[PDB]
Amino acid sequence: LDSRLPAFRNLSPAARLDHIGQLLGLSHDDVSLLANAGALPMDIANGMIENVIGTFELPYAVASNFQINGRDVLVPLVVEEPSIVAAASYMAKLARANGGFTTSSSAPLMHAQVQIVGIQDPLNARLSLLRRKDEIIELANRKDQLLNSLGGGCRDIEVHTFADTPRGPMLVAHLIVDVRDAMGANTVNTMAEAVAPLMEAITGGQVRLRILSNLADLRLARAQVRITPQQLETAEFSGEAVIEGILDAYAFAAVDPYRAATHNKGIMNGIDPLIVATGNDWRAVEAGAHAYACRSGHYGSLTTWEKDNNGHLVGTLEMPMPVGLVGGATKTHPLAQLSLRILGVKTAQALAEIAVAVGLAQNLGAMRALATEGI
């Protein structure tokens, strides 16, 4: 597959669609889903949320030049803002010359929180739970036998305590669950809620909230990119000068939350559109991203930018990225299914890796422009 779409930005929507169908070998029916308005039937729409009275459209585009771990990939994006798709495509083009984007990710692990509250001895109760963790882990898994046969399931449990709160001492158990190709919400909420009774028996307290945590710091995705000075040379500045300017911009975001917020927003300009295109939950992705950005106590930059021993500009992006290939709109929306088809992803983590590659490219594009704009 060749993701380099020469003059793509100049072709009409119909010609672009036609092209894409050729390169990927899409069927007639497939192409029809995009060539005609209304791919989301009302009976499906009406079943997705409540009080439905119609549908709302947003442009559906494809970013070009992406390469992940040596393989070309086409990226669908749904958003209303200008310059996003173009910036992503351009930066991806420059990345190709140096190997493209290199990515990796952890197992798809999600947290399931179980809050406990009228315990006179929360600290002691915590060791009682840890003592019987295997028992708890087995109860959570037999709950769902199919997931375990697919390679997932509850892998462990952690317990934290907050003995000093205005409502008193609280004990919070975390089930660590491998959710496979799903986002994780229902799977995880379901186990938390099967284990609640046993935890009450062990601790003697009262279980309150049983719910997942959107701060998915155990489900990380990572991307790297490299750019040389020769590729950033403008008619006004040398490539070396531009790189120095980009490093200044990064340092600025690392120390000032007012810039970091804007800096990180640019990253989500690239990621959210891919989430929407695949029918995934963008509020979940946004919460995990920004909460992770301030885990140290200071709200900073999700990406990093440096200059290697060769003077080359190198950036990274590591962040929580919970997404699914199954569940909700990802399965019921005809276009969400087509997007996955166009992407060619076989696992949820593969989609997560593409997401951060796009976020990284978007961040780079924004800084390059901000740093090259004449006064």
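Take the two forms, superpose them, and find the largest set of C-alpha atoms that agree within 1.5 Å; that set is the rigid core. When you see a residue number, it is the position in the sequence shown, counting from 1.
Between stretches 71-79 and 142-150, the one whose Cα atoms sit farther from the displayed model in 9 other deposited structures of this protein on average is 142-150 (core-aligned, root mean square). 70-78 and 145-153 differ in mean CA B-factor, and the higher of the two is recorded for 145-153. The PDB entry records a higher mean C-alpha B factor for 85-93 than for its counterpart among 85-93 and 280-288.
Within the group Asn269, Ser296, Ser213, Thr304, the record's highest C-alpha temperature factor is found at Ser296. You'll see in the entry that, of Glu158, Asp217, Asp181, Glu193, the Cα B factor peaks at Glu193. Annotation for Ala355: CA B-factor lies in the lowest third of the chain's modelled residues.
Sort the chain's modelled residues by C-alpha temperature factor and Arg226 lands in the middle third, per the entry. Per the deposited record, the Cα B-factor of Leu123 falls in the middle third when ranked against the other modelled residues of its chain. When the modelled residues of the chain are ordered by C-alpha B-factor, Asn36 sits in the highest third. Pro169 sits in the highest third of its chain by CA B factor, as recorded in the PDB entry.
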